[PDB]
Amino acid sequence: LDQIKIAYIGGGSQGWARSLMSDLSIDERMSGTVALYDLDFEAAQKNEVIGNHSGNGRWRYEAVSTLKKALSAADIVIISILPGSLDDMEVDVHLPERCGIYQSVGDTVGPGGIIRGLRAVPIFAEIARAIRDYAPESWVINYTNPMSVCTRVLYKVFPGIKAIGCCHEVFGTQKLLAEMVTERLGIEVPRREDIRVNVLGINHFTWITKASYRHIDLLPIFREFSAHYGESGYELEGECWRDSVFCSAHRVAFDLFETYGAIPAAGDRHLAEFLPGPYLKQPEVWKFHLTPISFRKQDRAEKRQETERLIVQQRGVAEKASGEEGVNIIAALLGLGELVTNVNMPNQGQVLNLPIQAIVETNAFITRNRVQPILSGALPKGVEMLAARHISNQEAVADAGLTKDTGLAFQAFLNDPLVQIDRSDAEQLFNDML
């Protein structure tokens, strides 16, 4: 299928865009052009050079100067931006520490997530309007965090938009379950996709209430697995939890499973931000890490060095699967192979007992021009109470951001499970973070 046009917003991205370049370079099902748009033209142009050195020539990349130009005639829109700068992020993630509040990531919920979301609203409002004006029939795939707020803003501003949010966190839990099947049953699992899960919740706080490998029910096995490794934790093969800030021993997941009876389906570093527990103040004991801003600064600098190397040497990205589903979803949407995978979309009943329209993560059936959520049922009662509460806050942030009502955003702030400090301290903190 030729002459596909993909518009890429955040096209100077050194993460999602690269990962998309790799997968495009190996899918023989498709060809076309990628319009790269970034507030920072310099980064977009380096991606144009790197992309045009990747794979066949199957995909032609172009750094473009405006949104309108990127979207014109686009069939797919990909969005992967950073709402603000590393300096903003420093505040997002670390300022609350002066009040005793710790955050492992800060891009989804808690104080960081609330404030980052406010900052993201007008960015997404503006993108929704551009997509409405220039490519209203395109499918939009959002990678940006906080994911529930960004995606929801897309639908508040352009009600008829065809948009999904994509996240890779559930994939990590499927891998965990694939290795468990081997360790507990001695049987090999070809691909993590073969771990068939009924996953539901909201981004970074998803839960698996049924799971199987072929004819085998995985829940009772996860029961024993969790019981055996609850204290020690469990490390993936060839990994140690201290290898990087992204690694863990799944102690937080095991602990949540004991309490709620569903399998937590995101990394420990994400799960820990959604509810009360000793996790965030004793990460070493719980065998995961917080991600500090020094890490992000360092990582940015070595991605920059990598980028400059690739150019100097006139190389493209590895022609190697990233493990993402972005290109698979795009192929599915174009009618080149149907797919059932987890996505974030407005709730119309696919998760029971949660507000309708709220952005929820579930399996969906994806085929030509169609993303169709699958009814996935109910969360455990305790998790549902927590999810309703976070959705409350997320809806308020999206509204607060569109109408510029800081009073309402502060209500959300005060309603967040991590903001457990006196009201006047929180107000000073909130105002300082704005």
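One-based numbering along the sequence shown.
*Asks:* Mean C-alpha B factor from the entry: is it higher for 316-324 or for 212-220?
*Replies:* Higher mean C-alpha B-factor in the PDB entry: 316-324.
*Asks:* Tell me which stretch, 274-282 or 342-350, has the higher mean Cα B-factor listed in the entry.
*Replies:* On average, C-alpha B-factors are higher across 274-282.
*Asks:* According to the Cα B-factor stored in this entry, which of the following is highest: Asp268, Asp243, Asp255, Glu169?
*Replies:* Spelled out: the listed residue with the top C-alpha B-factor is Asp243.
*Asks:* Tell me, please, which of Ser65, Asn369, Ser376, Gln394 has the highest C-alpha B factor according to the deposited entry?
*Replies:* That would be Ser65, according to the entry.
*Asks:* Give the position of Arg60 by CA B-factor within its chain, expressed as the lowest, middle or highest third.
*Replies:* Its C-alpha B-factor, which the entry lists for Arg60, ranks in the highest third among residues of this chain.
*Asks:* Could you say whether, by C-alpha temperature factor, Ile421 belongs to the lowest, middle or highest third of its chain?
*Replies:* Highest third, going by the recorded CA B-factors of the chain.
*Asks:* Name the third of the chain's ranked CA B-factors that contains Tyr234, choosing lowest, middle or highest.
*Replies:* Its C-alpha B-factor belongs to the highest third of this chain's values.
*Asks:* Select lowest, middle or highest to describe the third in which the CA B-factor of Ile26 falls within its chain in this entry.
*Replies:* Highest third of the chain for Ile26's C-alpha B-factor.
*Asks:* Rank-wise, by C-alpha B-factor, drop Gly84 into the lowest, middle or highest third of its chain.
*Replies:* Its C-alpha B-factor, which the entry lists for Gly84, ranks in the highest third among residues of this chain.
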